[PDB]
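Numbering (the deposited numbering), first residue to last: 345 to 477. The block underneath contains the structure these notes are about, expressed in C-alpha coordinates.
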(Lines of atoms letter the chains of each structure in order from A and count residues from 1; the text may use other names and numbers.)
(Lines give C-alpha, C1' and ligand atoms only; values in the text may rest on other atoms or scores of the structure.)
Protein backbone atom coordinates (compact mmCIF):
# COMPACT_ATOMS: atom_id res chain seq x y z
CA UNK A 1 0.00 0.00 0.00
CA UNK A 2 1.65 3.15 1.28
CA UNK A 3 5.40 3.02 1.75
CA UNK A 4 8.00 5.49 2.99
CA UNK A 5 11.54 5.77 1.62
CA UNK A 6 14.44 7.48 3.46
CA UNK A 7 16.15 10.52 1.99
CA UNK A 8 18.89 12.88 3.11
CA UNK A 9 18.42 16.63 2.52
CA UNK A 10 20.79 19.31 3.73
CA UNK A 11 23.17 22.06 2.65
CA UNK A 12 26.63 20.79 1.81
CA UNK A 13 29.74 22.44 0.44
CA UNK A 14 30.71 20.98 -2.92
CA UNK A 15 33.74 21.25 -5.18
CA UNK A 16 34.11 19.98 -8.73
CA UNK A 17 37.78 19.69 -9.77
CA UNK A 18 37.56 19.19 -13.52
CA UNK A 19 34.94 21.87 -14.23
CA UNK A 20 37.27 24.04 -16.28
CA UNK A 21 35.38 27.16 -15.22
CA UNK A 22 36.76 28.57 -11.97
CA UNK A 23 34.64 27.66 -8.93
CA UNK A 24 35.73 26.41 -5.51
CA UNK A 25 33.55 25.03 -2.73
CA UNK A 26 29.97 26.32 -2.97
CA UNK A 27 27.27 25.63 -0.44
CA UNK A 28 24.49 23.88 -2.39
CA UNK A 29 21.21 22.33 -1.32
CA UNK A 30 21.90 18.59 -1.72
CA UNK A 31 19.44 15.68 -1.63
CA UNK A 32 20.29 11.96 -1.53
CA UNK A 33 17.72 9.30 -2.46
CA UNK A 34 17.94 5.62 -3.42
CA UNK A 35 21.49 5.45 -4.85
CA UNK A 36 21.48 8.87 -6.56
CA UNK A 37 22.73 12.19 -5.24
CA UNK A 38 21.27 15.42 -6.62
CA UNK A 39 22.53 18.89 -5.76
CA UNK A 40 20.79 22.20 -6.46
CA UNK A 41 21.59 25.83 -5.79
CA UNK A 42 18.46 26.71 -3.78
CA UNK A 43 15.54 25.04 -2.00
CA UNK A 44 12.93 26.56 -4.31
CA UNK A 45 14.87 24.99 -7.18
CA UNK A 46 14.30 21.50 -5.74
CA UNK A 47 13.43 18.90 -7.05
CA UNK A 48 12.98 19.18 -10.83
CA UNK A 49 15.83 21.54 -11.77
CA UNK A 50 18.96 19.52 -10.83
CA UNK A 51 22.20 21.45 -11.14
CA UNK A 52 23.79 18.00 -10.88
CA UNK A 53 22.64 14.44 -10.38
CA UNK A 54 24.60 11.21 -10.33
CA UNK A 55 24.01 7.52 -9.63
CA UNK A 56 26.64 6.44 -7.13
CA UNK A 57 26.35 2.71 -7.92
CA UNK A 58 29.78 1.44 -8.94
CA UNK A 59 31.76 4.52 -7.99
CA UNK A 60 34.74 4.97 -5.69
CA UNK A 61 33.99 6.56 -2.31
CA UNK A 62 37.13 8.11 -0.79
CA UNK A 63 36.92 9.31 2.83
CA UNK A 64 38.92 12.50 3.39
CA UNK A 65 38.86 13.02 7.17
CA UNK A 66 40.73 15.12 9.72
CA UNK A 67 38.66 15.32 12.90
CA UNK A 68 40.99 17.77 14.65
CA UNK A 69 41.00 19.96 11.53
CA UNK A 70 37.20 19.81 11.26
CA UNK A 71 37.63 18.37 7.76
CA UNK A 72 34.78 15.96 7.01
CA UNK A 73 35.14 15.41 3.25
CA UNK A 74 33.72 12.71 0.95
CA UNK A 75 35.30 12.28 -2.50
CA UNK A 76 33.05 10.61 -5.09
CA UNK A 77 34.76 9.24 -8.20
CA UNK A 78 32.04 8.48 -10.76
CA UNK A 79 32.93 6.74 -14.06
CA UNK A 80 31.35 8.03 -17.27
CA UNK A 81 31.65 7.11 -20.95
CA UNK A 82 33.98 10.12 -21.27
CA UNK A 83 36.19 9.56 -18.27
CA UNK A 84 35.81 10.18 -14.57
CA UNK A 85 33.81 12.92 -12.87
CA UNK A 86 34.87 13.90 -9.36
CA UNK A 87 32.48 15.37 -6.80
CA UNK A 88 33.83 16.56 -3.46
CA UNK A 89 31.36 16.89 -0.56
CA UNK A 90 32.23 18.74 2.65
CA UNK A 91 29.90 18.27 5.62
CA UNK A 92 29.44 20.54 8.62
CA UNK A 93 29.86 18.15 11.58
CA UNK A 94 30.45 14.52 12.53
CA UNK A 95 26.79 13.48 12.47
CA UNK A 96 26.24 14.88 8.98
CA UNK A 97 29.41 13.19 7.72
CA UNK A 98 28.28 9.88 9.22
CA UNK A 99 24.85 9.94 7.58
CA UNK A 100 26.05 11.19 4.20
CA UNK A 101 29.09 8.89 4.12
CA UNK A 102 27.17 5.82 5.27
CA UNK A 103 24.72 6.55 2.45
CA UNK A 104 27.45 7.01 -0.16
CA UNK A 105 29.28 3.82 0.85
CA UNK A 106 26.14 1.69 0.69
CA UNK A 107 24.94 3.33 -2.54
CA UNK A 108 28.30 2.59 -4.18
CA UNK A 109 27.44 -1.07 -3.63
CA UNK A 110 23.88 -0.72 -4.89
CA UNK A 111 22.38 -0.77 -1.39
CA UNK A 112 19.99 2.00 -0.31
CA UNK A 113 19.42 3.67 3.04
CA UNK A 114 16.47 1.25 3.38
CA UNK A 115 18.98 -1.58 3.77
CA UNK A 116 18.84 -2.78 7.36
CA UNK A 117 22.57 -2.19 7.92
CA UNK A 118 22.44 1.56 7.21
CA UNK A 119 21.87 2.53 10.85
CA UNK A 120 24.80 0.45 12.11
CA UNK A 121 26.83 2.01 9.28
CA UNK A 122 26.08 5.52 10.55
CA UNK A 123 26.83 4.54 14.13
CA UNK A 124 30.02 2.79 13.03
CA UNK A 125 31.23 5.95 11.30
CA UNK A 126 30.37 8.08 14.37
CA UNK A 127 32.42 5.70 16.48
CA UNK A 128 35.30 5.96 14.03
CA UNK A 129 35.25 9.76 14.16
CA UNK A 130 34.75 9.92 17.92
CA UNK A 131 37.68 7.65 18.68
CA UNK A 132 40.02 9.61 16.45
CA UNK A 133 39.36 12.54 18.83
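No residue lacks a Cβ here, since even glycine has one placed at the ideal position from N, Cα and C.
Per DSSP, what kind of secondary structure is residue 448 in: helix, strand or coil? Looking up residue 448 in the chain shown gives position 104. Helix.
Just to confirm the assignment, what range does the beta strand (DSSP E) spanning residue 404 have? Taking the chain shown and counting its residues from 1, the one referred to as residue 404 is at position 60. Looking at the DSSP string, the run of the beta strand (DSSP E) that includes residue 404 is 404-410.
Between the C-alpha atoms of residue 443 and residue 407, what's the straight-line distance to the nearest angstrom? As a working note, residue 443 is residue 99 in the chain shown. As a working note, residue 407 is residue 63 in the chain shown. The straight-line gap from Cα to Cα measures roughly 13 Å.
From the DSSP output, which residues share a beta bridge with residue 417? Start at 1 with the first residue of the chain shown, and residue 417 comes out as number 73. 408, 434.
Please return the same chain residues whose Cβ sits closer than 8 Å to the Cβ of residue 393, not counting the five positions on each side in sequence. Sequence index remark: in the chain shown, residue 393 carries index 49 (1-based). Closer than 8 Å at the Cβ level, and outside the excluded window around residue 393, lie 384.
If contact is defined by three or more beta carbon pairs under 8 Å, each pair taking one atom from either stretch, is the segment 420-435 in contact with the segment 454-468? Verdict: no, contact absent.
From the DSSP output, in three-state form, read off residue 467 for me. Indexing the chain shown from 1 puts residue 467 at position 123. Reduced to three states, the DSSP call for residue 467 is helix.
Could you give the DSSP three-state label for residue 369: helix, strand or coil? Locating residue 369 in the chain shown gives position 25, counting from the first residue. Correct three-state label for residue 369: coil.
Find out if the Cβ-Cβ distance for the pair residue 447, residue 376 is shorter than 8 Å. Position 103 of the chain shown, counting from 1, holds the residue named residue 447. Position 32 of the chain shown, counting from 1, holds the residue named residue 376. For residue 447 and residue 376, yes; Cβs fall inside 8 Å.
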